[PDB]
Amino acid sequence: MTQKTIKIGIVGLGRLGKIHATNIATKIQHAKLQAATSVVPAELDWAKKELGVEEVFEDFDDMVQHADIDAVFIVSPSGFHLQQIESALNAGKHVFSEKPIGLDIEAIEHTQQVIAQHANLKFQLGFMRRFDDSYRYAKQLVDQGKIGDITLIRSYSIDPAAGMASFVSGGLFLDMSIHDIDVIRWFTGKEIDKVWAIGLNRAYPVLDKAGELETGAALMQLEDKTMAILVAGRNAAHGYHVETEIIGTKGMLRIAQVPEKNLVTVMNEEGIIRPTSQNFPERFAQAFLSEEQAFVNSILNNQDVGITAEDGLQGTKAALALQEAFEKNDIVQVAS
């Protein structure tokens, strides 16, 4: 009977890897988590015991050469994405890769070429916000012309204070802002021209010498003089604050003005309380499932999803520009 099962091998079983692994194994239609790769033995025992993964590997190339798989999910550290993407494509496997695509512009361009040489194989980057129901609803309003042309986008990505102690990386803007950059490109269809970024380690000055930032902000000018504002942070007291505001000529919208946990309002001595989502797995649970299913369906239906290596390239380049602008404390042109 038509359209069978896509067998997937995963690499990277950190927090996010385990979410994708668990989802593929137990929720995603027409998919099997067949293989897993990790350099941490305990992670491979987990894959076998919890998810019943049949083939475990210590090495990614070993998995892609030998495992009974049609596709891979790449959830390794960012420095490994490009080489693993190329290897999987060269072994005839469809590829889902987490963001960022890579860290080095030249290396990324090498991978773009490899991808272009395997056009029959699916390649999808994990910009999961494109699959989130609220982002999609806003995108629809924008596409329908309901707020007119976009004049400004403000996007915030602030991690919960709960993560600061362990955090004390590639930089604040690469870590926190790449989804925001992609959202800006997605909604506008436009590119970013120049940026200025500033930052502070006011709560945790230890990050000064570690090179890092606890909170940063940026102003960006787009190609048609569209404006964008970013805030990125690692120290939100109220939970996981990911919010995107779009201002248009005819209206305005905000996606998660505040990060409401659910439909429950609590009233007590502190006033009126809306509990908040606390972390990315909670906030983006639906989006992760949707992007995984889209990847599997793309293979079965031979239809591209629309999230390209170019989207990856531009994401990384803008983030590098923000980083450079922060270090120089000056305006930087992205194309340079």
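Quick note: we count residues from 1 along the sequence shown, nothing fancier.
A.B. asks: Can you count the deposited residues that have no coordinates between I105 and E106 and report it as none, 1 to 3, 4 to 9, or 10 or more?
C.D. replies: According to the record, the chain runs unbroken from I105 to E106.
A.B. asks: Comparing 75-83 with 207-215, which stretch shows the greater average C-alpha B-factor in the deposited entry?
C.D. replies: For C-alpha atoms only, the mean B-factor is higher in 207-215.
A.B. asks: Taking the recorded C-alpha temperature factors, which stretch has the higher mean, 49-57 or 277-285?
C.D. replies: Here the higher of the two C-alpha B-factor means belongs to 49-57.
A.B. asks: Out of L263, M252, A197, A161, which one has a C-alpha B factor higher than all the others in the entry?
C.D. replies: In the PDB entry, the greatest C-alpha B-factor among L263, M252, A197, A161 is found at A161.
A.B. asks: When the CA B-factors of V296, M267, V64, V40 are compared as recorded in the entry, which is the largest?
C.D. replies: The record points to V40.
A.B. asks: Please place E310 in the lowest, middle or highest third of its chain by C-alpha B factor as given in the entry.
C.D. replies: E310: CA B-factor falls in the highest third of its chain.
A.B. asks: Grab the CA temperature factor for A36 from the record and place it in the lowest, middle or highest third of its chain.
C.D. replies: CA B-factor rank for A36: middle third.
A.B. asks: Would you mind ranking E191 by its C-alpha B-factor against the rest of the chain and naming the third, lowest, middle or highest?
C.D. replies: Within its chain, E191 is a middle-third residue by C-alpha B-factor, going by the deposited values.
A.B. asks: How does the C-alpha B factor of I272 compare with the rest of the chain: lowest, middle or highest third?
C.D. replies: Lowest third, going by the recorded CA B-factors of the chain.
A.B. asks: Select lowest, middle or highest to describe the third in which the CA B-factor of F167 falls within its chain in this entry.
C.D. replies: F167: CA B-factor falls in the highest third of its chain.
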